[PDB]
Amino acid sequence: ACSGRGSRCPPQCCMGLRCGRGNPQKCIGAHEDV
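Per the entry's author numbering, the very first residue in the sequence shown carries number 1; after that it's consecutive.
Printed below as a string of structure tokens:
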């Protein structure tokens, strides 16, 4: 199962998210421009 907004990739972030690089890595939202 994909990653959620708080976990890195993989698991590849779920629909709407993107893998936000950094340490610790964490997926964030692509369509989250706020």
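Each residue gets a CB set at the ideal place from its N, CA and C atoms; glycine is no exception.
task: Look up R8 in the DSSP assignment and say whether it is helix, strand or coil.
output: coil
Cut-off 8 Å between Cβ atoms - residues of its own chain near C9, not counting five sequence neighbours on either side: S3, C19, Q25 and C27
query: Do you know how far the Cα of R5 is from the Cα of residue 86?
result: Within the shown structure, residues of the chain are numbered from 1 to 34, placing residue 86 beyond reach of any answer.
message: Below 8 Å on the Cβ atoms is my contact criterion, and I expect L17 with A30 to pass it. Report the Cβ-Cβ distance as a whole number of Å.
response: 7 Å
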